[PDB]
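Participant: Encoded as structure tokens, here's the structure I'll be asking about.
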Amino acid sequence: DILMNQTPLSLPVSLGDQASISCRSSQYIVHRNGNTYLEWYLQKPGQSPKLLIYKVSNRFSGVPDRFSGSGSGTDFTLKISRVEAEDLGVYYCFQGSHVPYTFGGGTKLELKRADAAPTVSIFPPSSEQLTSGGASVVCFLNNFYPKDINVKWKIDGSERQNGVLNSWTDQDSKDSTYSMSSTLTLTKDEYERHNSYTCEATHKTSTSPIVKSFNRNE
Amino acid sequence: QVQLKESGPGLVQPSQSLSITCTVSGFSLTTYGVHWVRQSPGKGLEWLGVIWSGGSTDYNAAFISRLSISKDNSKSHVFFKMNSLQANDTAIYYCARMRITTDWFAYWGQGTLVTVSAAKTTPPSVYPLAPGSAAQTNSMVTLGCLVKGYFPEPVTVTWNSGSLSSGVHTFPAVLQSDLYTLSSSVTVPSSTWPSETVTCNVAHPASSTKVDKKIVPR
Ligand SMILES: *[C@@H]1O[C@H](CO)[C@@H](O)[C@H](O)[C@H]1NC(C)=O
């Protein structure tokens, strides 16, 4: 199958910047009946992908003049003269030349902003849960930027991998930040064996981790 | 204007088949081909197959054995059928007009989110998340709600019957075993809690359950 490789994987931009996104194919995308089927799609949150450019450089109707496409053979480019808020989303290249047709992996165009350290909060199991025989410790890491973040769980200071489930929001449409939840799930018995529970967050805003902790004895 | 309307299930039992109808308007299936594509978190956008205007089909070789596409020109219907679904077939599925030659008619259906599971409908356990006994004080305090062990999606989580809307973060549900779990957090000024009550309201339409949980100091 033809690999379509997109660069960059994500592109922070501010409104009024220029933007360039690239797509490289593993093979020359040859014409079919004189047509070169290379298209670019934009997908916004919750919506279907919409066609921006077809046949390498032709703007689909309704698509504004700040969008342009160029390239040939194995190398293709989507350009945006001047980013508007409505251009934020995930762009995909598509080749319709060699069966099976294939998409690039996507480039997220995202809005650049001031740096924000996450607000970290940790929560011990509820007593209702405890009675049911389960023990979930929850950590919220809210309203951070940029998106790169790593969460580490510690039980009595010993790194904990198993029973962790994380969930991330997409970039907030209002403040452009990210948020994440991390839940360490253990049995009630397992929970009781230990005293100290820590959620450690590593984020660009500092070398020193942001630590939040509680002790099962209080 | 030009449109493709999709109809089909939200839930498919493992080993069972997925039928989706695409209803075309604004153009004739005698004129253009209709493609099928799916999008999953892990695999990205995958092209599945096409039915051409002339009536012939092409399929992605990784699916050809369990995939079929047919159409009724008169009723403007395109039929997609995939057999023997498994958990990794969970995806959003789209019909689309793509591989575009002309400046007109290029649109994708509103996608159909298809979840493959043998789970039975299960009401959520709802647990309030109050700060630990000894947690440090800020001008703001984060509270939370843990919603665990439900099927199918969605639940809807609101705070103070929707009266608290700013400072809320509700995280995407994640599969824990074969049931879903999510959490939600709200942030209020420290001076207002616990003096001003905060309650998470969790609705799960499929089990007809509506549960309120007041967040109380531990
Ligand atoms: C997904 O799961 C099925 C059934 O176990 C397996 O046979 C199939 O090849 C898998 N597909 C991929 C793309 O990993």
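Chains: A, B, ... in order of the structure tokens. Residues: from 1 per chain. Ligands: from 1, in order shown.
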List as JSON lines every residue of chain A that is in contact with chain B, defined as an atom at most 9 Å from one of its atoms (using only C-alpha atoms), together with the nearest atom pair and the distance in Å rounded to one decimal, sorted by chain and then rising number.

Facilitator:
{"residue": "A:35", "atom": "CA", "partner": "B:101", "partner_atom": "CA", "distance": 7.3}
{"residue": "A:37", "atom": "CA", "partner": "B:99", "partner_atom": "CA", "distance": 5.9}
{"residue": "A:38", "atom": "CA", "partner": "B:99", "partner_atom": "CA", "distance": 7.8}
{"residue": "A:39", "atom": "CA", "partner": "B:99", "partner_atom": "CA", "distance": 7.5}
{"residue": "A:47", "atom": "CA", "partner": "B:110", "partner_atom": "CA", "distance": 7.2}
{"residue": "A:48", "atom": "CA", "partner": "B:110", "partner_atom": "CA", "distance": 5.9}
{"residue": "A:49", "atom": "CA", "partner": "B:108", "partner_atom": "CA", "distance": 7.0}
{"residue": "A:50", "atom": "CA", "partner": "B:107", "partner_atom": "CA", "distance": 6.8}
{"residue": "A:51", "atom": "CA", "partner": "B:106", "partner_atom": "CA", "distance": 7.0}
{"residue": "A:54", "atom": "CA", "partner": "B:100", "partner_atom": "CA", "distance": 6.1}
{"residue": "A:55", "atom": "CA", "partner": "B:101", "partner_atom": "CA", "distance": 7.0}
{"residue": "A:58", "atom": "CA", "partner": "B:103", "partner_atom": "CA", "distance": 8.2}
{"residue": "A:59", "atom": "CA", "partner": "B:103", "partner_atom": "CA", "distance": 8.0}
{"residue": "A:60", "atom": "CA", "partner": "B:103", "partner_atom": "CA", "distance": 5.7}
{"residue": "A:61", "atom": "CA", "partner": "B:103", "partner_atom": "CA", "distance": 6.2}
{"residue": "A:92", "atom": "CA", "partner": "B:45", "partner_atom": "CA", "distance": 8.7}
{"residue": "A:94", "atom": "CA", "partner": "B:99", "partner_atom": "CA", "distance": 8.6}
{"residue": "A:95", "atom": "CA", "partner": "B:99", "partner_atom": "CA", "distance": 7.9}
{"residue": "A:96", "atom": "CA", "partner": "B:99", "partner_atom": "CA", "distance": 5.5}
{"residue": "A:97", "atom": "CA", "partner": "B:99", "partner_atom": "CA", "distance": 8.5}
{"residue": "A:99", "atom": "CA", "partner": "B:60", "partner_atom": "CA", "distance": 7.4}
{"residue": "A:100", "atom": "CA", "partner": "B:60", "partner_atom": "CA", "distance": 5.2}
{"residue": "A:101", "atom": "CA", "partner": "B:47", "partner_atom": "CA", "distance": 6.1}
{"residue": "A:102", "atom": "CA", "partner": "B:47", "partner_atom": "CA", "distance": 6.2}
{"residue": "A:103", "atom": "CA", "partner": "B:45", "partner_atom": "CA", "distance": 6.2}
{"residue": "A:104", "atom": "CA", "partner": "B:45", "partner_atom": "CA", "distance": 8.0}
{"residue": "A:105", "atom": "CA", "partner": "B:44", "partner_atom": "CA", "distance": 6.2}
{"residue": "A:106", "atom": "CA", "partner": "B:44", "partner_atom": "CA", "distance": 8.0}
{"residue": "A:121", "atom": "CA", "partner": "B:142", "partner_atom": "CA", "distance": 6.8}
{"residue": "A:122", "atom": "CA", "partner": "B:131", "partner_atom": "CA", "distance": 7.2}
{"residue": "A:123", "atom": "CA", "partner": "B:131", "partner_atom": "CA", "distance": 5.6}
{"residue": "A:124", "atom": "CA", "partner": "B:132", "partner_atom": "CA", "distance": 6.2}
{"residue": "A:125", "atom": "CA", "partner": "B:129", "partner_atom": "CA", "distance": 7.5}
{"residue": "A:126", "atom": "CA", "partner": "B:129", "partner_atom": "CA", "distance": 6.3}
{"residue": "A:127", "atom": "CA", "partner": "B:218", "partner_atom": "CA", "distance": 8.5}
{"residue": "A:128", "atom": "CA", "partner": "B:127", "partner_atom": "CA", "distance": 6.7}
{"residue": "A:129", "atom": "CA", "partner": "B:127", "partner_atom": "CA", "distance": 6.6}
{"residue": "A:136", "atom": "CA", "partner": "B:146", "partner_atom": "CA", "distance": 8.8}
{"residue": "A:138", "atom": "CA", "partner": "B:129", "partner_atom": "CA", "distance": 8.3}
{"residue": "A:140", "atom": "CA", "partner": "B:185", "partner_atom": "CA", "distance": 7.6}
{"residue": "A:142", "atom": "CA", "partner": "B:169", "partner_atom": "CA", "distance": 8.1}
{"residue": "A:165", "atom": "CA", "partner": "B:174", "partner_atom": "CA", "distance": 7.7}
{"residue": "A:166", "atom": "CA", "partner": "B:174", "partner_atom": "CA", "distance": 8.1}
{"residue": "A:167", "atom": "CA", "partner": "B:172", "partner_atom": "CA", "distance": 6.2}
{"residue": "A:168", "atom": "CA", "partner": "B:171", "partner_atom": "CA", "distance": 6.6}
{"residue": "A:169", "atom": "CA", "partner": "B:171", "partner_atom": "CA", "distance": 6.1}
{"residue": "A:179", "atom": "CA", "partner": "B:169", "partner_atom": "CA", "distance": 7.7}
{"residue": "A:180", "atom": "CA", "partner": "B:171", "partner_atom": "CA", "distance": 7.4}
{"residue": "A:181", "atom": "CA", "partner": "B:171", "partner_atom": "CA", "distance": 7.0}
{"residue": "A:183", "atom": "CA", "partner": "B:183", "partner_atom": "CA", "distance": 8.9}
{"residue": "A:212", "atom": "CA", "partner": "B:135", "partner_atom": "CA", "distance": 8.7}
{"residue": "A:213", "atom": "CA", "partner": "B:135", "partner_atom": "CA", "distance": 8.1}
{"residue": "A:214", "atom": "CA", "partner": "B:132", "partner_atom": "CA", "distance": 6.7}
{"residue": "A:215", "atom": "CA", "partner": "B:134", "partner_atom": "CA", "distance": 8.4}
{"residue": "A:218", "atom": "CA", "partner": "B:133", "partner_atom": "CA", "distance": 6.2}

Participant: What's the 9 Å shell around residue 31 (chain B), counting only C-alpha atoms, without same-chain residues fewer than 6 positions away, as a VMD selection string?

Facilitator: chain B and resid 52 to 54

Participant: Give me, as a PyMOL selection string, all polymer residues having an atom no more than 9 Å from residue 56 (chain A), counting only C-alpha atoms and skipping those fewer than 6 positions away in the same chain.

Facilitator: chain A and resi 36-40+69-72+76-77

Participant: Quick check, in Å to one decimal: how far apart do CA of residue 135 (chain A) and CA of residue 205 (chain B) lie?

Facilitator: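 So the two atoms, CA of residue 135 (chain A) and CA of residue 205 (chain B), lie 26.4 Å apart.
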
Participant: Please give me, as number ranges by chain, the residues lying within 8 Å of ligand 1 when counting only C-alpha atoms and all ligand atoms.

Facilitator: B: 86-89

Participant: Could you save those same residues with N, CA and C atoms as a tab-separated table (two decimals), in the first residue's frame?

Facilitator:
chain	number	residue	atom	x	y	z
B	86	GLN	N	-15.43	-7.16	15.20
B	86	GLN	CA	-14.75	-7.38	16.48
B	86	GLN	C	-14.44	-6.04	17.14
B	87	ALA	N	-14.01	-6.09	18.40
B	87	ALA	CA	-13.77	-4.87	19.18
B	87	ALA	C	-12.92	-3.83	18.41
B	88	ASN	N	-11.88	-4.27	17.69
B	88	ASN	CA	-11.06	-3.34	16.90
B	88	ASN	C	-11.73	-2.74	15.64
B	89	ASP	N	-12.99	-3.11	15.39
B	89	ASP	CA	-13.76	-2.47	14.33
B	89	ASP	C	-14.55	-1.28	14.84

Participant: Identify all residues of region 2-218 of chain A in helix (DSSP H, G or I) (DSSP on the backbone) and supply them as a PyMOL selection string.

Facilitator: chain A and resi 85-87+127-132+188-192

Participant: For CA of residue 56 (chain B) and CA of residue 83 (chain B), quote the distance in Å rounded to one decimal.

Facilitator: 19.9 Å

Participant: Point out the residue among B:85, B:78, B:206, B:211 with the least atom-to-atom distance to residue 153 (chain B), counting only C-alpha atoms.

Facilitator: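 Closest candidate: B:206.
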
Participant: Between CA of residue 25 (chain A) and CA of residue 79 (chain A), what is the distance, to one decimal in Å?

Facilitator: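 CA of residue 79 (chain A) lies 17.6 Å from CA of residue 25 (chain A).
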
Participant: Determine, counting only C-alpha atoms, which protein, DNA and RNA residues have an atom within 9 Å of an atom of residue 75 (chain B); residues of the same chain fewer than 4 positions away are not included. Present the result as a PyMOL selection string.

Facilitator: chain B and resi 23-24+71

Participant: May I ask which of the residues A:208, A:162, A:119, A:217 is the closest one to residue 177 (chain A), counting only C-alpha atoms?

Facilitator: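 Closest candidate: A:119.
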
Participant: Select from region 2-205 of chain B everything DSSP, run on the backbone, classes as strand (DSSP E or B), then give the selection as an MDAnalysis selection string.

Facilitator: chainID B and resid 3:7 11:12 18:25 34:40 44:51 57:59 67:72 77:82 91:96 108 112:116 122 125:129 140:151 156:159 164 168:170 174:176 179:189 199:204

Participant: Show me, as number ranges by chain, the residues that have an atom within 7 Å of residue 115 (chain A) when counting only C-alpha atoms, minus same-chain residues fewer than 5 positions from it.

Facilitator: A: 145-146, 205

Participant: So that I can check the surroundings of residue 152 (chain B), please list as a short mmCIF file (atom, residue, chain, number, x, y, z; two decimals) with N, CA and C atoms, in the first residue's frame every protein, DNA and RNA residue that reaches within 8 Å of it, counting only C-alpha atoms and ignoring chain neighbours fewer than 3 positions away.

Facilitator:
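Once written, out.cif looks like this:
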data_model
loop_
_atom_site.label_atom_id
_atom_site.label_comp_id
_atom_site.auth_asym_id
_atom_site.auth_seq_id
_atom_site.Cartn_x
_atom_site.Cartn_y
_atom_site.Cartn_z
N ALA B 119 -21.35 -6.06 25.86
CA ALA B 119 -21.80 -5.63 27.20
C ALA B 119 -23.33 -5.49 27.27
N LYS B 120 -23.89 -5.68 28.46
CA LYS B 120 -25.30 -5.39 28.66
C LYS B 120 -25.42 -4.02 29.31
N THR B 121 -26.58 -3.40 29.15
CA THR B 121 -26.87 -2.10 29.77
C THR B 121 -26.73 -2.18 31.29
N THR B 122 -25.99 -1.23 31.83
CA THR B 122 -25.55 -1.26 33.21
C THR B 122 -25.56 0.17 33.71
N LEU B 179 -16.75 -2.07 30.53
CA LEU B 179 -17.66 -1.00 30.96
C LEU B 179 -16.97 0.36 30.88
N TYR B 180 -17.73 1.44 30.85
CA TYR B 180 -17.12 2.75 30.72
C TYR B 180 -16.97 3.44 32.05
N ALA B 206 -29.98 5.18 28.74
CA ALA B 206 -30.20 3.75 28.41
C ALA B 206 -30.66 2.89 29.60
#
